Amino acid sequence: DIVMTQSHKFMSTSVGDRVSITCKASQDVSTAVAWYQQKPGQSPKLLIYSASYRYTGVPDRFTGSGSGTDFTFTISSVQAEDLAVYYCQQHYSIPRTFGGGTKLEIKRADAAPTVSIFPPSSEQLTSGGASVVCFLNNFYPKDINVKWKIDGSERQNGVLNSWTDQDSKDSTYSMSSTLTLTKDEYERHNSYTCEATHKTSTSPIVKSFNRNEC
Amino acid sequence: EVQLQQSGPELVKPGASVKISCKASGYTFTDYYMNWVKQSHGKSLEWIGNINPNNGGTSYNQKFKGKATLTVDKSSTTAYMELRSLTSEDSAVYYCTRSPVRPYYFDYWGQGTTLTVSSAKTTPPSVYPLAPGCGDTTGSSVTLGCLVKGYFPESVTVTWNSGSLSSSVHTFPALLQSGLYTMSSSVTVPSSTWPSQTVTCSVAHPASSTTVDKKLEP
Amino acid sequence: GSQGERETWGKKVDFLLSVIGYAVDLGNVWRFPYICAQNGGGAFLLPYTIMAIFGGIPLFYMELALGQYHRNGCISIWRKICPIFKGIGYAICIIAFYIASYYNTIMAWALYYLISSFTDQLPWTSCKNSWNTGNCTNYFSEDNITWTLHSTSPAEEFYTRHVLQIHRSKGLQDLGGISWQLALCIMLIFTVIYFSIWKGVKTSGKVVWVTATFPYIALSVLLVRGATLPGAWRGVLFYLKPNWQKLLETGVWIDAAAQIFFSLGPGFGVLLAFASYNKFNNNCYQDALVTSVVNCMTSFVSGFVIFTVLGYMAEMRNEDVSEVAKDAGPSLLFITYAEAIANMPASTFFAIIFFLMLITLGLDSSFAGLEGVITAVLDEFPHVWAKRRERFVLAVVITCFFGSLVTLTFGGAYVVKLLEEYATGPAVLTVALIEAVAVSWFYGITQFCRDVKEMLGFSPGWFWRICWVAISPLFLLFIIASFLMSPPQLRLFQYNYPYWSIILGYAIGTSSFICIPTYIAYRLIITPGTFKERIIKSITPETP
Ligand SMILES: CC(C)CCC[C@@H](C)[C@H]1CC[C@H]2[C@@H]3CC=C4C[C@@H](O)CC[C@]4(C)[C@H]3CC[C@]12C
Ligand SMILES: COCCCC/C(=N\OCCN)c1ccc(C(F)(F)F)cc1
Ligand SMILES: *[C@@H]1O[C@H](CO)[C@@H](O)[C@H](O)[C@H]1NC(C)=O
Ligand SMILES: *[C@@H]1O[C@H](CO)[C@@H](O)[C@H](O)[C@H]1NC(C)=O
Ligand SMILES: [Cl-]
Ligand code: NA
Ligand code: NA
Numbered sequence: 021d022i023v024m025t026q027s028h029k030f031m032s033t034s035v036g037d038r039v040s041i042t043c044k045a046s047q048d049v050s051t052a053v054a055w056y057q058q059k060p061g062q063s064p065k066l067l068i069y070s071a072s073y074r075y076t077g078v079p080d081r082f083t084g085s086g087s088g089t090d091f092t093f094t095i096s097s098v099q100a101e102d103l104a105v106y107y108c109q110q111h112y113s114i115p116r117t118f119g120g121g122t123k124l125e126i127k128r129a130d131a132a133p134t135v136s137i138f139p140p141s142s143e144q145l146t147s148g149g150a151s152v153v154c155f156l157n158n159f160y161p162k163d164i165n166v167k168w169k170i171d172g173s174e175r176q177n178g179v180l181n182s183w184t185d186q187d188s189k190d191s192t193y194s195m196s197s198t199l200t201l202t203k204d205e206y207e208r209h210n211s212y213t214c215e216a217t218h219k220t221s222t223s224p225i226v227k228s229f230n231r232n233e234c
Numbered sequence: 020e021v022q023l024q025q026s027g028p029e030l031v032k033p034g035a036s037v038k039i040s041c042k043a044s045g046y047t048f049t050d051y052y053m054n055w056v057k058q059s060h061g062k063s064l065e066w067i068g069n070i071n072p073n074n075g076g077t078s079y080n081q082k083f084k085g086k087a088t089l090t091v092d093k094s095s096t097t098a099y100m101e102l103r104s105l106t107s108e109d110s111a112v113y114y115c116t117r118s119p120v121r122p123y124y125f126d127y128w129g130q131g132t133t134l135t136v137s138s139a140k141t142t143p144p145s146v147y148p149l150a151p152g153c154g155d156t157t158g159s160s161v162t163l164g165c166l167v168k169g170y171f172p173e174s175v176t177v178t179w180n181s182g183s184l185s186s187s188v189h190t191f192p193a194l195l196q197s198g199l200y201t202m203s204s205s206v207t208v209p210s211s212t213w214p215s216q217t218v219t220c221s222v223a224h225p226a227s228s229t230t231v232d233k234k235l236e237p
Numbered sequence: 074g075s076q077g078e079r080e081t082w083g084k085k086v087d088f089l090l091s092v093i094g095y096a097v098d099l100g101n102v103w104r105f106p107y108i109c110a111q112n113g114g115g116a117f118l119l120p121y122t123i124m125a126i127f128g129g130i131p132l133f134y135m136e137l138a139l140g141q142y143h144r145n146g147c148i149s150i151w152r153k154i155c156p157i158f159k160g161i162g163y164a165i166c167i168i169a170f171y172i173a174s175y176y177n178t179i180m181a182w183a184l185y186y187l188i189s190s191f192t193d194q195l196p197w198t199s200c201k202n203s204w205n206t207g208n209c210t211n212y213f214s215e216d217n218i219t220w221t222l223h224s225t226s227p228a229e230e231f232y233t234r235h236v237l238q239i240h241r242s243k244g245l246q247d248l249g250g251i252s253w254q255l256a257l258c259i260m261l262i263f264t265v266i267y268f269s270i271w272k273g274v275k276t277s278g279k280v281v282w283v284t285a286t287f288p289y290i291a292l293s294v295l296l297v298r299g300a301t302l303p304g305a306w307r308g309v310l311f312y313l314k315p316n317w318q319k320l321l322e323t324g325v326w327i328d329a330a331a332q333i334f335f336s337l338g339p340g341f342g343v344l345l346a347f348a349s350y351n352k353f354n355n356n357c358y359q360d361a362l363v364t365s366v367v368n369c370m371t372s373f374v375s376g377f378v379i380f381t382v383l384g385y386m387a388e389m390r391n392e393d394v395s396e397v398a399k400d401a402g403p404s405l406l407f408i409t410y411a412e413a414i415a416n417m418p419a420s421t422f423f424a425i426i427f428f429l430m431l432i433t434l435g436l437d438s439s440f441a442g443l444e445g446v447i448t449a450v451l452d453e454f455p456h457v458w459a460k461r462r463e464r465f466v467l468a469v470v471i472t473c474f475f476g477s478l479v480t481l482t483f484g485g486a487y488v489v490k491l492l493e494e495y496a497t498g499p500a501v502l503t504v505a506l507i508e509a510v511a512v513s514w515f516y517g518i519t520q521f522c523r524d525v526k527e528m529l530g531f532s533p534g535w536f537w538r539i540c541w542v543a544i545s546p547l548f549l550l551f552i553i554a555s556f557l558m559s560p561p562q563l564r565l566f567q568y569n570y571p572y573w574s575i576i577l578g579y580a581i582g583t584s585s586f587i588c589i590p591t592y593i594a595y596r597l598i599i600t601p602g603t604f605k606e607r608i609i610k611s612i613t614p615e616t617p
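Residue numbers (the deposited numbering), protein chains in the order written: chain C, 21 to 234; chain B, 20 to 237; chain A, 74 to 617.
Below is the structure:
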């Protein structure tokens with residue numbers, strides 16, 4: 021069989037930069053390499069075939085080069101909608117194998133994480149639970165600290181951080197920190213507070229609310 | 020034009036079998052090879068095998084020989100892939116993709132089929148609204164949201180007002196714990212449409228076939 | 074008085090090239106490279122020699138010794154060894170007739186391909202012809218093309234729909250009628266073989282000078298041509314890449330054994346007849362050794378001749394020579410290799426020498442093929458025959474023409490496959506086993522070594538005695554058992570043979586050797602007295 025090796029699992033680039041992904045094969049391939057694009061949440065999309073040739077319905081900004089074992093897929097003008105995972109695949113010998121995949125992350129300026137705290141709704145208090153939610157929207161880069169405060173004490177149990185994938189419009193990450201608690205404990209505390217520490221500013225953003233019917 | 024419609028998500032117990040369909044349209048079906056590519060969660064693409072639609076001329080991969088069985092029906096132009104002896108490794112997203120004979124590229128793909136091989140009971144999602152408090156300062160935009168707790172498997176869809184408008188909806192990936200998933204969604208809408216009009220979040224669960232709709236109330 | 078002694082050959086080199094010319098044929102050119110590439114690559118060289126040293130060479134040498142010592146035909150030699158086995162001499166005869174029903178038609182194709190190569194523009198380059206369909210897509214045409222399941226190439230279109238015309242038949246059921254073109258071609262072939270046999274071994278010994286030396290020249294030209302072609306290393310790599318994991322499979326050993334048996338060709342009566350006409354004090358050991366070793370070397374260089382061109386073809390397309398060399402048949406030469414030649418400078422030249430090479434590859438083997446049968450029949454019915462040789466030779470050539478009419482049909486290729494794999498093969502292996510058993514275990518291997526000790530002046534080594542006694546009969550037994558245990562499922566040109574095809578193959582196969590058991594029963598049923606006295610006078614050679 022054939023082993024298509026992509027050394028760089030992740031590559032950083034900016035909107036408008038020249039980005040190139042390399043693909044290493046086991047044996048000599050001549051010009052039998054295809055480049056596929058898989059957007060997060062979508063099916064793969066064919067972009068390049070036979071080393072350099074472009075497929076119908078592909079913008080001119082996507083190019084291809086290489087002749088032998090090492091091949092290169094080049095994007096000249098990176099757009100916001102070009103954010104996807106790229107795969108290379110040989111099409112000469114049976115079986116047809118694929119590469120590891122290179123998630124192309126976009127580098128931009130820093131962004132302030134909009135923090136929003138939310139009190140447990142009445143439908144959940146009806147079921148017999150109560151979860152305070154702390155959303156962190158539109159920030160960059162991915163690295164960001166989330167600290168919880170039930171009533172001033174740093175809460176650490178029952179906190180779940182969920183990071184979404186990068187955005188395809190403005191390239192800003194978003195995460196959700198969830199504090200899941202019981203109803204009995206929720207009706208014994210009033211003002212919840214979640215704070216977030218980012219690199220845009222040294223002072224963590226602090227959000228608070230009261231249980232006494234807001 | 021060229022459309023490949025596969026089957027929906029499948030939740031099957033380990034050791035059983037599952038069949039995935041593939042309805043083709045927009046091209047001469049007897050002209051192109053029909054393929055099946057397996058994509059694991061967080062992994063790469065994995066060519067399973069092809070099949071010749073004229074006679075069912077199958078050509079499997081050595082890694083999937085005896086694992087997948089490809090069939091085809093010319094009367095309705097529909098391909099099938101069946102998987103037997105299901106384990107945890109088979110829980111992945113499967114595609115059926117069109118391909119010529121030479122050069123052997125995959126020009127058109129299907130939307131995929133999320134397969135979950137587990138014995139866990141299909142749990143209906145608990146939809147709890149995530150409404151902003153009544154003491155917050157209503158600025159130029161308010162951030163709303165809905166919460167989904169306890170469901171299995173990863174087959175859920177959280178929509179907002181029949182898809183209008185959704186220019187600021189953030190959907191957070193589900194997190195699995197104690198055999199149940201839990202996710203959340205939010206939406207930043209201006210203060211000139213709330214709470215004047217009706218903003219209702221819809222939570223659908225195709226695995227359990229349960230659609231619970233909850234309207235946000237401050 | 075009258076005839077008395079028989080004639081003898083003109084020169085040592087004539088018989089050395091006649092046997093080499095019979096040994097070297099199409100299969101050396103294309104069967105050995107394909108089976109060598111797909112069964113371990115270069116590692117196939119190891120069992121091919123082992124199956125030669127232990128199986129092929131002993132039968133080849135033992136057959137050439139019996140022939141050069143006893144100087145009898147394929148039939149009359151059994152009367153002087155084991156009369157009950159005289160049916161062997163007849164069986165081979167029938168076998169030959171089946172082979173001759175198709176092996177010549179094949180040459181006809183090459184001939185029809187050769188006489189059509191005198192045009193400045195080769196027919197299988199363009200698609201604007203009277204036989205191409207709308208699927209015909211050729212080169213020197215817009216780039217970016219992408220091949221479709223129904224699309225075909227002008228070469229594939231030219232072989233399938235023009236010369237072979239296999240689309241006019243629905244299979245073995247409906248194949249008629251006969252194509253008059255290939256009938257005239259195969260008539261021309263039966264004429265160029267007629268004037269090379271009718272005079273006896275003199276003309277087949279004069280014509281062999283050309284038929285045995287031309288293929289090496291043509292192979293040399295194609296070799297130095299294909300070696301200069303860019304990307305020819307891929308075919309050589311796929312040809313020689315060692316895959317030692319294939320040797321663990323019990324199949325490649327059987328493939329090597331069968332390949333070296335049919336390539337060496339003992340047991341057919343050809344070596345018996347060719348050896349019959351020779352000097353009594355002439356050496357036989359060196360002759361057999363050299364001839365076989367050339368037959369293998371020739372296969373070895375032919376492998377390069379094919380795989381350099383197929384490597385170039387894989388480079389022009391997109392690699393994996395297995396993809397371009399999937400079909401293992403005449404299509405590898407008439408379609409793949411031909412389409413590759415068409416895309417080269419002086420295409421007319423390399424086409425003429427290629428098809429001409431094929432014809433000269435076939436001719437020497439059909440010469441010998443007939444020589445053995447003619448010698449056998451003339452020696453079994455002497456002075457009832459030999460009244461003229463031209464009469465019998467003509468009756469054979471004409472009989473083969475009428476016997477090839479089934480192959481000259483539109484669905485002729487189907488009959489070719491059926492006869493080549495289900496009929497002749499297992500029967501030649503069988504009669505070779507019967508002959509090897511009769512000579513080794515009935516006539517006595519000790520007396521055989523004494524006869525060689527009389528002719529050549531020295532007794533054969535222990536290596537050869539131990540080979541004839543045990544190694545060779547097990548060598549044939551392995552191939553026969555392997556085939557009978559699992560006959561291969563036949564498929565040709567997107568047409569799977571019906572399930573009853575093997576019955577027809579076995580029917581044709583069984584009708585060939587009804588004579589050895591019915592003749593054993595015949596002679597066993599004719600001689601009076603007790604069965605012990607009849608089998609004692611039937612196993613021991615005639616006393617005077
Ligand atoms: C040469 C002689 C002795 C061989 C005869 C053997 C007979 C029994 C064999 C030879 C050819 C065979 C036939 C080949 C063709 C067909 C047509 C098919 O639609 C039904 C099977 C059938 C009818 C086969 C039946 C068996 C068969 C008739
Ligand atoms: C069953 O087909 C294999 C034939 C083997 C003997 C042979 N040619 O092989 C040459 C050895 N490399 C052969 C046999 C018969 C004839 C005949 F002239 F009789 F048709 C021609 C060639
Ligand atoms: C090659 O073929 C396709 C037809 O399927 C065509 O649409 C395309 O434009 C051609 N050219 C390239 C550069 O892909
Ligand atoms: C091409 O071939 C297919 C089958 O191989 C056939 O159905 C079709 O009619 C052919 N096209 C033309 C134009 O004849
Ligand atoms: Cl050989
Ligand atoms: Na040979
Ligand atoms: Na020959």
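No residue lacks a Cβ here, since even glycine has one placed at the ideal position from N, Cα and C.
Backbone secondary structure at residue i - three-state DSSP
i: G164 of chain B; result: strand
i: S118 of chain B; result: strand
i: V86 of chain A; result: helix
i: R523 of chain A; result: helix
i: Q26 of chain C; result: coil
i: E20 of chain B; result: coil
i: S136 of chain C; result: strand
DSSP beta-bridge partners of residue i
i: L201 of chain C; result: C:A150
i: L124 of chain C; result: C:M31
i: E65 of chain B; result: B:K57
i: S40 of chain C; result: C:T94
i: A52 of chain C; result: Per DSSP, none; premise fails for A52 of chain C.
i: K167 of chain C; result: C:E215
Whole-Å CB distance - residue i paired with residue j, under 8 Å assumed
i: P192 of chain B; j: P214 of chain B; result: Contact doesn't hold; Cβ gap of about 29 Å is too wide.
i: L163 of chain B; j: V218 of chain B; result: 7 Å
i: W103 of chain A; j: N351 of chain A; result: Not confirmed; about 32 Å, so no contact.
i: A346 of chain A; j: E444 of chain A; result: 5 Å
Closer than 7 Å: residue i CB and nearest ligand 2 heavy atom
i: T497 of chain A; result: yes
i: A505 of chain A; result: no
i: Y176 of chain A; result: yes
Proximity test, residue i beta-carbon vs ligand 5 heavy atom, cut-off 7 Å
i: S372 of chain A; result: yes
beta-carbon residue i near ligand 6 non-hydrogen atom, thresh 7 Å
i: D437 of chain A; result: no
(request) Anything with a beta carbon under 6 Å from a heavy atom of ligand 3 counts; list them all in chain order. (result) Listed along the chain, these residues meet the criterion: C:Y73, C:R74, C:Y75, C:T76, A:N217 and A:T219.
(request) For ligand 1, enumerate in chain order all residues having a CB closer than 7 Å to any of its heavy atoms. (result) This selection yields A:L245, A:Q246, A:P571, A:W573, A:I576, A:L577, A:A580, A:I581 and A:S584.
(message) Strictly closer than 5 Å from CB to any heavy atom of ligand 4: give me those residues in the order they appear in the chain.
(response) Sorted by position in the chain, A:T206, A:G207, A:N208 and A:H223 make up the residues whose C-beta lies under 5 Å from a heavy atom of ligand 4.
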